[PDB]
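Residue numbers (the authors' numbering), protein chains in the order written: chain A, 1 to 222; chain B, 1 to 214.
Okay, structure coming up:
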C-alpha cells in the first residue's frame, strides 16, 4: 500500500527554523518525483516545492524561495523540507506528495501542522457537558466536553479512547476575543445509558503538552 | 505562472444528480491537469490524473475530460460521501498552481434538529465564568435560528455559533451555540432557555434548564 508518513511539525517562533520529514513505503521511491503542498487554515491548497526523482532538480514557490530547501535521500526513502527564516504567513498544514509522473501527486501523506507565532502556547481547560435531571430528551441524549482557552490550533478529541466514534461531533474551534480557541465535542447516546455507562472524552493539545481524560456524567440527583 | 480558474466556487446537488466542475488555465497545458478530493479533516486524494485517467477504485461517477485550456470534472450519480472540496492542479510547468477549489454540498430532504441544552459545570463556575451550550444535532438545510433567553431576557451579542462540515453519511449539519456569562451574572438568574427555529420543525422548539436544580 503506497504510503507517505510525515512528521516534524510544531510551533515555531518567527525567524526560526524547522525541518519536516516524509517517509515513503510501497513503491520505488527513486523513480517518484516528490512535492510539498500546504494549506493555510480555511484556505485552499498551495504548492511549496518540488524535487526530481534523483534529487538533481528542485523548484520553489516565489513566497518561500531562499528560505525553504527541499531534499531527499533515496537510500532511506525519505523526503525533507528545511524551513528557515519562518514567517507568520507560513502557518499551515504541510503535505508531502509524489508520483511517477513529473509534478503529479498520486500518493499523499496525512499532513503535519506548522504554526509560526510569537504568542505563548496554552493548554485548554476541559469541562463536562451533561444535562440536568429534568431534561426533556426522548430515547436519545447528548453528552460532551467543552475544550476552552487554548492556543495554537489544533487539538484532538476522542471518546472512550477511540472505542466510541458513532454519533460524535467535534465542532470547529472559534477564535475568542482573547486570542484563544474554544470548541465543544458532543456525542449522542441512548438516554437510558446516560446515567450508567462510562463516557470519557480524551483531549490532547500537543503544542502545550496538555492531555486530559475527563469522565462526563450527570450531576448527582437523588 | 499559469493561473487556474475553477468554477463554480460552490454547488448543492441532490444524491443521484450529475454535477460538473470546470477548471480553466491561463495558458495551454495540453492534458496535464489533475483533480483532487479533500473531505473534511482529511488529506487530499487523487481522483483524475493527466486529464482523464483514473485508478481502478475511483468510482465510475468520477470522470475527467478536456485539453488545452478547458477541463471538466463530472460526478454522475452523486453520493453522500462525495460531500467534499475538489481542486484542479496543472502539472505542466512550474510554479505548480492549484485551482481555488469547489465545495460540493449534498442537497437532501429537510431534517429537523434534535436540540439539547447543557448547564455550566460546577468546575467551570469555580473559575468565575459560565458557558451555557445549546446543541442542534443532525439537521438540514444549514439555515437555523438559535435564540437565547435568560429569565425571559432576550440575549443578543453574547453567544457564538459553530457549525460542523456536512456529514459524509447522512448529509446533515450540527450546530453549537455557546452563551458566555460571568458566574455572578449566571447566579442572578434562574431560567436558561435556547429556542430553535428551522424549516423542519412545525414551530419553534425550546429547551431550558433551571439553575441550581440538579
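C-beta atoms are modelled at their ideal positions from N, C-alpha and C, and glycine is treated no differently.
Classify residue 53/B as buried or exposed, calling it buried when 16 or more other Cβ atoms lie within 10 Å of its own Cβ. Exposed is the label assigned to residue 53/B, since fewer than 16 other Cβ atoms lie within 10 Å of its Cβ.
Where the stretch 121-147 of chain A meets chain B: residues whose CB sits under 8 Å from a CB there: Taking a C-beta cut-off of 8 Å against chain B, the contacting residues of the stretch 121-147 of chain A are 125, 127, 128, 129, 130, 131, 132, 133, 134, 135, 136, 137, 140, 141, 142, 144, 146, listed in chain order.
Comparing the C-beta of residue 95/B with each C-beta of chain A, is any distance below 7 Å? Answer yes: the Cβ-Cβ gap between residue 95/B and chain A drops below 7 Å somewhere.
Go ahead and pull the three-state DSSP assignment for residue 181/A. Residue 181/A falls in the strand class under three-state DSSP.
Using a Cβ cut-off of 9 Å, which residues of the stretch 102-120 of chain A contact any Cβ in chain B, in chain order? Those residues of the stretch 102-120 of chain A that come within reach of chain B (Cβ to Cβ, closer than 9 Å) are 102, 103, 104, 105, 106, 107, 108, 109, 110, 111.
Quick one: measure Cβ to Cβ for residue 171/A and residue 184/A, integer angstroms, because I've assumed they're closer than 8 Å. Contact flag correct, Cβ pair sits at about 5 Å.
Taking Cβ positions only, does residue 164/B come closer than 7 Å to chain A? Yes, contact with chain A.
Could you round the C-beta distance between residue 47/A and residue 96/B to whole angstroms and report it? I think they count as a contact, below 8 Å. Contact holds; Cβ gap of about 4 Å.
Using the DSSP secondary-structure output, state which residues sit across from residue 53/B in a beta bridge. DSSP lists 49/B as partners of residue 53/B.
Just the chain B side, please: which residues come within less than 7 Å of residue 188/A by C-beta, in chain order? In chain order, 137 make up the part of chain B whose C-beta sits under 7 Å from the C-beta of residue 188/A.
May I ask you to verify whether the stretch 62-69 of chain A touches the stretch 124-136 of chain A, counting CB pairs closer than 8 Å and requiring at least 3? Touching, no, given that fewer than three Cβ pairs across the two stretches are closer than 8 Å.
Distance between residue 190/B and residue 212/B (C-alpha atoms, nearest Å): The alpha-carbon of residue 212/B is positioned some 8 Å away from that of residue 190/B.
Per DSSP, the bridge partner or partners of residue 189/A: Paired residue(s): 141/A.
Out of 34/A, 197/A, 202/A, point me to the one whose CA is closest to residue 97/A's CA. Minimum Cα distance to residue 97/A is reached at 34/A.
When we look at the beta-carbon of residue 105/B and count the other beta-carbons within 10 Å, is it buried (16 or more) or exposed? The residue in question, residue 105/B, is buried, as its Cβ has 16 or more Cβ neighbours within 10 Å.
Looking at C-alpha atoms only, which residue of 32/A, 180/A, 194/A, 38/A is the closest neighbour of residue 57/A? For residue 57/A, the closest of 32/A, 180/A, 194/A, 38/A by C-alpha to C-alpha distance is 32/A.
How should residue 154/B be labelled, buried or exposed, when 16 other C-beta atoms within 10 angstroms of its C-beta is the threshold for buried? Answer is exposed; the Cβ neighbour count stays below 16.
8 Å Cβ cut-off: residues of chain A touching residue 34/B: Contact annotation for residue 34/B against chain A: 104, 105 [CB-CB distance below 8 Å, chain order].
Compare the beta carbon distance of residue 186/A and residue 135/B with 7 Å and say whether it is the shorter of the two. Closer than 7 Å, so yes.
From residue 91/A to residue 105/A, what does the alpha carbon distance come to, in whole angstroms? Rounded to whole angstroms, residue 91/A and residue 105/A show a C-alpha spacing of 22 Å.
So is residue 32/A in contact with chain B if we call contact Cβ pairs under 7 Å? Chain B, which has no Cβ nearer than 7 Å to the Cβ of residue 32/A, makes this no.
Does the pairing of the stretch 13-24 of chain A with the stretch 70-81 of chain A give three or more beta-carbon distances under 8 Å? Enough Cβ pairs lie closer than 8 Å, so yes.
For residue 27/B, which residues in the same chain have their Cβ closer than 6 Å to its Cβ, ignoring the five residues on either side in sequence? If we look at residue 27/B and ignore the five residues flanking it on each side, its Cβ neighbours are 2.
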